[PDB]
$ cat query_17.txt   # compact mmCIF, C-alpha atoms
# COMPACT_ATOMS: atom_id res chain seq x y z
CA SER A 1 0.00 0.00 0.00
CA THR A 2 0.86 3.69 -0.20
CA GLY A 3 -0.56 7.04 0.87
CA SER A 4 -0.10 10.61 -0.36
CA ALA A 5 -1.44 13.72 1.33
CA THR A 6 -0.94 17.42 0.77
CA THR A 7 0.46 19.44 3.67
CA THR A 8 -0.40 23.15 3.86
CA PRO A 9 1.23 26.02 5.79
CA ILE A 10 -0.98 27.36 8.57
CA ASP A 11 -0.10 30.99 7.86
CA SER A 12 1.92 33.28 5.60
CA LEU A 13 5.14 32.56 7.54
CA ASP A 14 5.07 28.73 7.34
CA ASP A 15 4.90 28.64 11.15
CA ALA A 16 3.70 25.03 10.83
CA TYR A 17 2.04 22.70 8.34
CA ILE A 18 -1.28 20.86 8.57
CA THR A 19 -2.27 17.66 6.80
CA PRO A 20 -5.81 16.28 6.68
CA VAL A 21 -6.34 12.98 8.50
CA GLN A 22 -9.46 10.81 8.49
CA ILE A 23 -10.36 9.34 11.89
CA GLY A 24 -13.24 7.01 12.62
CA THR A 25 -16.32 5.67 10.86
CA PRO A 26 -17.81 7.63 9.27
CA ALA A 27 -14.66 9.64 8.73
CA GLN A 28 -14.00 12.69 10.84
CA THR A 29 -11.36 14.79 9.09
CA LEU A 30 -8.98 16.71 11.33
CA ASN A 31 -6.00 18.82 10.26
CA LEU A 32 -2.96 17.52 12.12
CA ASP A 33 0.61 18.73 12.50
CA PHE A 34 2.82 15.89 11.29
CA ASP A 35 5.74 15.87 13.70
CA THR A 36 8.85 13.76 13.10
CA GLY A 37 10.11 14.95 16.52
CA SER A 38 7.42 13.24 18.61
CA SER A 39 5.49 9.99 18.69
CA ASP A 40 1.93 10.65 19.88
CA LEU A 41 -1.11 11.03 17.63
CA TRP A 42 -3.37 13.28 19.70
CA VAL A 43 -6.45 15.30 18.85
CA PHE A 44 -8.76 17.97 20.14
CA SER A 45 -11.91 16.09 21.03
CA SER A 46 -15.35 16.11 22.56
CA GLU A 47 -13.51 15.42 25.86
CA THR A 48 -11.33 18.55 25.70
CA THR A 49 -12.06 21.09 28.42
CA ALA A 50 -14.55 23.41 26.73
CA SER A 51 -12.74 26.66 27.59
CA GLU A 52 -9.59 25.24 25.94
CA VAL A 53 -11.26 24.76 22.57
CA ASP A 54 -11.35 27.84 20.32
CA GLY A 55 -12.13 27.06 16.69
CA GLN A 56 -10.47 23.65 16.31
CA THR A 57 -12.21 20.72 14.73
CA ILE A 58 -12.80 18.00 17.33
CA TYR A 59 -12.86 14.22 17.22
CA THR A 60 -16.00 12.79 18.84
CA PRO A 61 -15.34 9.11 19.52
CA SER A 62 -18.99 8.42 20.45
CA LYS A 63 -19.94 9.18 16.83
CA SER A 64 -17.46 6.65 15.45
CA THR A 65 -18.69 3.07 15.17
CA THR A 66 -15.10 1.81 15.10
CA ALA A 67 -13.84 3.73 18.16
CA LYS A 68 -12.99 1.72 21.25
CA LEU A 69 -11.85 3.14 24.57
CA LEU A 70 -8.40 1.78 25.40
CA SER A 71 -9.21 0.88 28.98
CA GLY A 72 -7.03 2.47 31.61
CA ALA A 73 -4.71 4.22 29.15
CA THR A 74 -3.69 7.83 29.62
CA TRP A 75 -1.15 10.11 27.99
CA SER A 76 0.62 13.34 28.81
CA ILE A 77 3.21 15.16 26.74
CA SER A 78 5.32 18.27 27.11
CA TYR A 79 7.07 19.71 24.08
CA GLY A 80 10.33 21.65 23.81
CA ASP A 81 8.56 24.98 23.31
CA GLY A 82 6.84 24.53 26.67
CA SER A 83 3.44 23.53 25.28
CA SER A 84 1.60 20.44 26.54
CA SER A 85 -1.49 18.27 26.36
CA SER A 86 -2.90 15.17 28.04
CA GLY A 87 -5.91 12.88 28.11
CA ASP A 88 -7.17 9.35 27.49
CA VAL A 89 -6.94 6.97 24.53
CA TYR A 90 -9.16 5.33 21.92
CA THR A 91 -8.27 2.96 19.14
CA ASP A 92 -9.89 3.73 15.79
CA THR A 93 -9.36 3.66 12.05
CA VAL A 94 -7.01 6.36 10.80
CA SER A 95 -6.32 7.14 7.14
CA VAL A 96 -3.78 9.52 5.64
CA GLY A 97 -3.87 10.20 1.92
CA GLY A 98 -5.56 6.88 1.16
CA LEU A 99 -3.42 4.77 3.50
CA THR A 100 -5.48 3.16 6.26
CA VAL A 101 -4.45 1.80 9.66
CA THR A 102 -7.00 0.00 11.80
CA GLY A 103 -6.55 -0.08 15.56
CA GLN A 104 -4.49 3.11 15.68
CA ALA A 105 -4.12 4.72 19.11
CA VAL A 106 -5.89 8.09 18.92
CA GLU A 107 -5.03 10.09 22.01
CA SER A 108 -7.98 12.26 22.98
CA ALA A 109 -7.09 15.51 24.72
CA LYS A 110 -8.79 16.35 27.98
CA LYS A 111 -6.40 19.27 28.54
CA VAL A 112 -4.27 21.39 26.20
CA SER A 113 -1.97 24.33 26.97
CA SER A 114 -2.78 27.89 25.97
CA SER A 115 -0.62 27.84 22.87
CA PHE A 116 -2.70 25.03 21.36
CA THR A 117 -6.01 26.68 22.28
CA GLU A 118 -4.87 29.95 20.75
CA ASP A 119 -4.12 28.37 17.37
CA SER A 120 -7.38 27.46 15.66
CA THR A 121 -5.67 25.88 12.66
CA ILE A 122 -4.09 22.83 14.34
CA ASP A 123 -6.51 20.09 15.43
CA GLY A 124 -3.76 17.91 16.94
CA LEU A 125 -0.42 16.25 16.18
CA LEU A 126 0.54 13.09 14.33
CA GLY A 127 3.89 11.86 15.63
CA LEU A 128 6.39 10.29 13.25
CA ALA A 129 9.43 9.84 15.50
CA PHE A 130 10.18 6.39 16.94
CA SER A 131 7.51 4.68 19.00
CA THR A 132 9.86 4.46 21.98
CA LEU A 133 8.94 8.13 22.68
CA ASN A 134 5.18 7.48 22.78
CA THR A 135 3.74 8.66 26.10
CA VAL A 136 0.74 6.33 26.51
CA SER A 137 0.72 4.62 29.90
CA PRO A 138 0.69 1.86 31.08
CA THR A 139 0.97 0.30 27.62
CA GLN A 140 3.04 2.33 25.16
CA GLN A 141 1.45 2.68 21.72
CA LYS A 142 2.82 2.65 18.17
CA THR A 143 2.94 5.54 15.71
CA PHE A 144 0.85 5.62 12.57
CA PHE A 145 3.98 4.89 10.51
CA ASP A 146 5.01 2.00 12.76
CA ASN A 147 1.52 0.47 12.41
CA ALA A 148 1.45 0.98 8.63
CA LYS A 149 5.00 -0.07 7.86
CA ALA A 150 4.57 -3.76 7.16
CA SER A 151 1.75 -3.01 4.70
CA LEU A 152 3.69 -0.36 2.80
CA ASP A 153 5.28 -1.07 -0.57
CA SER A 154 8.54 0.23 0.95
CA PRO A 155 9.04 1.03 4.66
CA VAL A 156 9.51 4.77 4.13
CA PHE A 157 7.76 8.09 4.31
CA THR A 158 8.86 11.34 2.68
CA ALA A 159 8.47 15.00 3.62
CA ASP A 160 8.36 17.58 0.84
CA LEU A 161 7.49 20.84 2.57
CA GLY A 162 6.80 23.95 0.54
CA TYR A 163 8.10 27.47 1.02
CA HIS A 164 5.03 29.68 1.32
CA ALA A 165 3.20 26.89 -0.56
CA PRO A 166 1.67 23.45 -0.08
CA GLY A 167 3.80 20.31 -0.15
CA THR A 168 3.40 16.57 0.28
CA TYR A 169 3.80 13.70 2.74
CA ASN A 170 4.08 10.33 0.99
CA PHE A 171 3.98 6.92 2.67
CA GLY A 172 5.43 3.77 1.18
CA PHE A 173 7.09 5.14 -1.96
CA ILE A 174 9.64 7.64 -3.22
CA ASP A 175 8.29 9.99 -5.89
CA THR A 176 11.23 10.25 -8.26
CA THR A 177 9.65 13.30 -9.95
CA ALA A 178 9.68 15.32 -6.71
CA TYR A 179 13.40 16.09 -6.49
CA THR A 180 16.40 16.93 -8.64
CA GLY A 181 19.68 15.04 -8.79
CA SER A 182 20.16 12.10 -6.44
CA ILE A 183 19.11 11.36 -2.87
CA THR A 184 22.05 11.23 -0.45
CA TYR A 185 21.47 8.89 2.46
CA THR A 186 23.04 9.32 5.87
CA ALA A 187 23.15 7.31 9.12
CA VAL A 188 20.55 7.65 11.86
CA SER A 189 20.81 7.04 15.56
CA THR A 190 17.54 6.04 17.18
CA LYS A 191 19.02 6.09 20.71
CA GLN A 192 17.07 9.21 21.75
CA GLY A 193 13.96 8.20 19.81
CA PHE A 194 14.50 10.83 17.10
CA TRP A 195 15.57 10.86 13.47
CA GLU A 196 19.02 11.91 14.64
CA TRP A 197 21.83 12.34 12.12
CA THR A 198 25.09 14.19 11.61
CA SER A 199 25.47 16.98 9.11
CA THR A 200 28.92 17.33 7.57
CA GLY A 201 29.09 21.11 7.79
CA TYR A 202 27.81 24.45 6.58
CA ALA A 203 28.33 27.56 4.51
CA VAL A 204 26.96 31.09 4.78
CA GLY A 205 25.91 32.69 1.52
CA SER A 206 28.63 32.37 -1.10
CA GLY A 207 31.23 31.64 1.58
CA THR A 208 33.50 28.63 1.83
CA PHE A 209 32.12 25.39 3.21
CA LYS A 210 33.19 24.58 6.76
CA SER A 211 33.62 20.87 7.33
CA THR A 212 32.37 20.10 10.81
CA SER A 213 30.11 17.45 12.32
CA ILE A 214 26.74 18.77 13.52
CA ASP A 215 24.57 16.18 15.26
CA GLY A 216 20.88 17.02 15.15
CA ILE A 217 17.36 15.85 14.46
CA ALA A 218 15.17 16.06 11.39
CA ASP A 219 12.05 17.56 12.92
CA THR A 220 9.07 18.56 10.81
CA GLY A 221 7.28 19.72 13.98
CA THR A 222 9.77 22.48 14.75
CA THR A 223 9.50 25.67 12.68
CA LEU A 224 13.06 26.98 12.75
CA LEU A 225 16.63 25.78 12.31
CA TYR A 226 18.45 25.53 15.67
CA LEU A 227 22.22 25.14 15.47
CA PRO A 228 25.29 25.71 17.67
CA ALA A 229 25.95 29.29 18.73
CA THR A 230 29.20 29.43 16.75
CA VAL A 231 27.39 28.56 13.50
CA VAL A 232 24.49 30.91 14.16
CA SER A 233 26.80 33.81 15.02
CA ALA A 234 28.70 33.24 11.76
CA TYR A 235 25.41 33.41 9.82
CA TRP A 236 24.03 36.58 11.43
CA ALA A 237 27.39 38.36 11.24
CA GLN A 238 26.72 38.57 7.48
CA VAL A 239 23.53 40.58 8.03
CA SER A 240 23.99 44.29 8.78
CA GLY A 241 22.23 45.25 11.98
CA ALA A 242 21.42 41.69 13.08
CA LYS A 243 21.74 40.98 16.79
CA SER A 244 20.72 38.52 19.45
CA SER A 245 17.94 40.01 21.56
CA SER A 246 17.36 38.52 25.01
CA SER A 247 14.07 40.43 25.26
CA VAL A 248 12.73 39.04 21.99
CA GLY A 249 14.26 35.60 22.54
CA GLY A 250 16.67 35.22 19.66
CA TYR A 251 18.34 36.79 16.69
CA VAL A 252 16.50 39.65 15.02
CA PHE A 253 17.47 41.63 11.95
CA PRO A 254 16.32 44.73 10.04
CA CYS A 255 13.29 43.84 7.96
CA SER A 256 14.95 45.86 5.16
CA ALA A 257 17.73 43.26 4.86
CA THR A 258 18.26 40.81 2.06
CA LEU A 259 19.31 37.61 3.83
CA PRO A 260 22.13 35.34 2.66
CA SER A 261 21.51 31.65 2.00
CA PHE A 262 22.60 28.93 4.38
CA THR A 263 24.02 25.62 3.15
CA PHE A 264 24.17 22.41 5.17
CA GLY A 265 26.06 19.23 4.35
CA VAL A 266 24.60 15.77 3.91
CA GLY A 267 27.61 13.56 3.36
CA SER A 268 29.33 15.02 0.32
CA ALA A 269 26.07 16.64 -0.84
CA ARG A 270 24.86 20.15 -0.07
CA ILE A 271 21.38 21.53 0.65
CA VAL A 272 20.95 25.26 0.09
CA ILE A 273 18.40 27.18 2.15
CA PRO A 274 17.60 30.42 0.28
CA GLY A 275 17.84 33.59 2.34
CA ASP A 276 14.13 34.31 2.04
CA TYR A 277 13.36 31.04 3.91
CA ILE A 278 15.12 32.52 6.96
CA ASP A 279 12.83 35.60 7.27
CA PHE A 280 10.04 35.13 9.84
CA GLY A 281 8.76 38.66 9.63
CA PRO A 282 8.15 41.47 12.11
CA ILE A 283 8.63 40.59 15.78
CA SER A 284 5.33 42.37 16.43
CA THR A 285 2.80 43.87 14.06
CA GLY A 286 4.21 46.98 12.37
CA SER A 287 7.76 46.51 13.66
CA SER A 288 10.77 46.95 11.38
CA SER A 289 12.67 44.36 13.41
CA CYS A 290 12.26 40.87 11.93
CA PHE A 291 12.71 37.47 13.57
CA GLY A 292 15.40 35.17 12.22
CA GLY A 293 14.78 31.62 11.06
CA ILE A 294 18.20 30.38 12.22
CA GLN A 295 18.58 30.43 15.98
CA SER A 296 20.94 29.07 18.62
CA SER A 297 20.37 25.60 20.07
CA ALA A 298 22.43 26.51 23.14
CA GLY A 299 20.35 25.46 26.12
CA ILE A 300 18.03 23.23 24.06
CA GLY A 301 20.53 20.43 24.39
CA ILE A 302 20.06 19.27 20.80
CA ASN A 303 20.41 20.77 17.33
CA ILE A 304 17.17 20.82 15.36
CA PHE A 305 16.83 20.71 11.59
CA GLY A 306 13.30 22.09 11.59
CA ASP A 307 11.08 23.25 8.76
CA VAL A 308 13.45 26.06 7.66
CA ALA A 309 16.00 23.39 6.72
CA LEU A 310 13.71 20.56 5.71
CA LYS A 311 11.60 22.64 3.31
CA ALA A 312 14.74 23.22 1.21
CA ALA A 313 14.92 19.46 0.55
CA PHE A 314 13.07 16.34 -0.38
CA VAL A 315 13.54 14.21 2.73
CA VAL A 316 13.29 10.43 3.00
CA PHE A 317 12.57 8.94 6.40
CA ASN A 318 13.70 5.36 5.79
CA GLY A 319 12.23 3.01 8.39
CA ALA A 320 14.05 -0.12 7.29
CA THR A 321 15.43 -2.37 10.03
CA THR A 322 18.39 -0.01 10.22
CA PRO A 323 16.81 3.41 9.67
CA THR A 324 18.47 6.10 7.57
CA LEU A 325 17.65 9.60 6.27
CA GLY A 326 17.84 10.74 2.65
CA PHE A 327 18.10 14.32 1.39
CA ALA A 328 17.78 15.62 -2.15
CA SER A 329 17.62 19.09 -3.61
CA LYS A 330 14.36 19.98 -5.35
$ encode --input "query_17.txt" --output "structure tokens"
Amino acid sequence: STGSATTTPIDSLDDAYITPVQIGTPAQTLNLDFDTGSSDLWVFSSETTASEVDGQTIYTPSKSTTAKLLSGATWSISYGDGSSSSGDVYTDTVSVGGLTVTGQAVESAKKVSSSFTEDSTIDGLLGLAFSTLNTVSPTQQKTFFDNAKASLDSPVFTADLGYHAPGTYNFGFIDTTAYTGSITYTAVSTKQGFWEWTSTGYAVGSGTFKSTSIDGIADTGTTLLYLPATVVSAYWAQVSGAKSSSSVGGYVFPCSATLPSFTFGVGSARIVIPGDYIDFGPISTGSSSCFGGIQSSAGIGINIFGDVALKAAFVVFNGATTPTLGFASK
């Protein structure tokens, strides 16, 4: 089997991407944030505290003839940005782009943090990291990909995120028309539960490539590119007026700037992030100070190749017995 679904930016800045997912019988379609940095499929639901729902589409398990309460199971997750959610668990039929899993754990939110409530466009998350990170207790549950894998034509999914445009998540096949050149594959460590890999270095604009190992994660659920302070300082030093602002919470730059590109290494290959991908717009409405899309990972404890990096590539998440990651230009 295979599946193919379009993923759409939630706003004009590509702050996140949503992908329609069918849950239950008859189908209830929710727009979920596909997140290769976590491993829970959770949804706003009829059980979510009413005051914490503001415009989201909810899953109502009582209206699904295939929903079953997973007795005694609860979940609770806290993300790196400080957001969180928790609740109980159903199993139900879940389909993405024509690919169907029966018996998928659908984690129904009883509580969500303010940041989720305040964003009407995201109806929940669909985790695509390794199932070892799944928070369901007392019986850990598998991700949608893990459940689908054996049925797939090939045990892979691909992320093809657009810049200020829709893109595609494919399951079970590699669309050879979706990228240019060849796909370069690189080793993955699953020890922390992430798609963790080592970049071979970077360049700023038309500058020389610096060969240096940068361990980090391929994370579709993080907006920005978080890298060591040395790297980030080297990038922003090429932008007149750019500075790190403790009050804003990162590097800012004059909105009048033309940003340089940023290149990262994948083995001997190179992925170029155009400068425009690094502009996240005014820090507040009407401001001429703009927020940068490359930020320091210092104090996160991990480097994160988020959407800013991933959207410059066609990315293969290869879930073979020994997982790997593939990157191609596009």
$ residues_around --input "query_17.txt" --residues "segment 136-149 of chain A" --least-positions-apart "5" --cutoff "9 Å" --atoms "all atoms listed in the file" --output "MDAnalysis selection string"
chainID A and resid 1 39:41 72:76 88:89 94 99:105 107 126:131 154:157 171:172 319
$ closest_residue --input "query_17.txt" --among "A:242, A:13, A:58, A:271" --to "residue 310 of chain A" --atoms "all atoms listed in the file"
A:271
$ closest_residue --input "query_17.txt" --among "A:177, A:216, A:279, A:289" --to "residue 314 of chain A" --atoms "all atoms listed in the file"
A:177
$ residues_around --input "query_17.txt" --residues "residue 323 of chain A" --least-positions-apart "5" --cutoff "12 Å" --atoms "only C-alpha atoms" --output "ChimeraX atom specification"
/A:129-130,155-157,185-191,193-197,316-318
$ residues_near_point --input "query_17.txt" --point "(5.4, 26.8, 8.0)" --cutoff "10 Å" --atoms "only C-alpha atoms" --output "PyMOL selection string"
chain A and resi 7-18+161-166+220-224+277+280+306-308+311
$ atom_distance --input "query_17.txt" --atom1 "atom CA of residue 214 of chain A" --atom2 "atom CA of residue 200 of chain A"
6.5 Å
$ closest_residue --input "query_17.txt" --among "A:315, A:21, A:239, A:27" --to "residue 176 of chain A" --atoms "only C-alpha atoms"
A:315
$ atom_distance --input "query_17.txt" --atom1 "atom CA of residue 243 of chain A" --atom2 "atom CA of residue 204 of chain A"
16.4 Å
$ residues_around --input "query_17.txt" --residues "segment 267-270 of chain A" --least-positions-apart "3" --cutoff "12 Å" --atoms "all atoms listed in the file" --output "ChimeraX atom specification"
/A:181-187,197-203,209-214,262-264,273,309,312-313,325-330
$ residues_around --input "query_17.txt" --residues "residue 124 of chain A" --least-positions-apart "6" --cutoff "9 Å" --atoms "all atoms listed in the file" --output "list in words"
residues 30, 31, 32, 33, 34, 41, 42, 43, 44, 56, 109 and 116 of chain A
$ residues_around --input "query_17.txt" --residues "residue 296 of chain A" --least-positions-apart "4" --cutoff "7 Å" --atoms "all atoms listed in the file" --output "PDB file with C-alpha atoms, keeping the file's coordinate frame"
ATOM      1  CA  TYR A 226      18.450  25.530  15.670  1.00  0.00           C
ATOM      2  CA  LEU A 227      22.220  25.140  15.470  1.00  0.00           C
ATOM      3  CA  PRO A 228      25.290  25.710  17.670  1.00  0.00           C
ATOM      4  CA  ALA A 229      25.950  29.290  18.730  1.00  0.00           C
ATOM      5  CA  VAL A 232      24.490  30.910  14.160  1.00  0.00           C
TER       6      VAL A 232
END
$ atom_distance --input "query_17.txt" --atom1 "atom CA of residue 231 of chain A" --atom2 "atom CA of residue 37 of chain A"
22.2 Å
$ residues_near_point --input "query_17.txt" --point "(18.5, 19.1, 25.6)" --cutoff "12 Å" --atoms "all atoms listed in the file" --output "PyMOL selection string"
chain A and resi 79-81+192+216-217+226+297-304
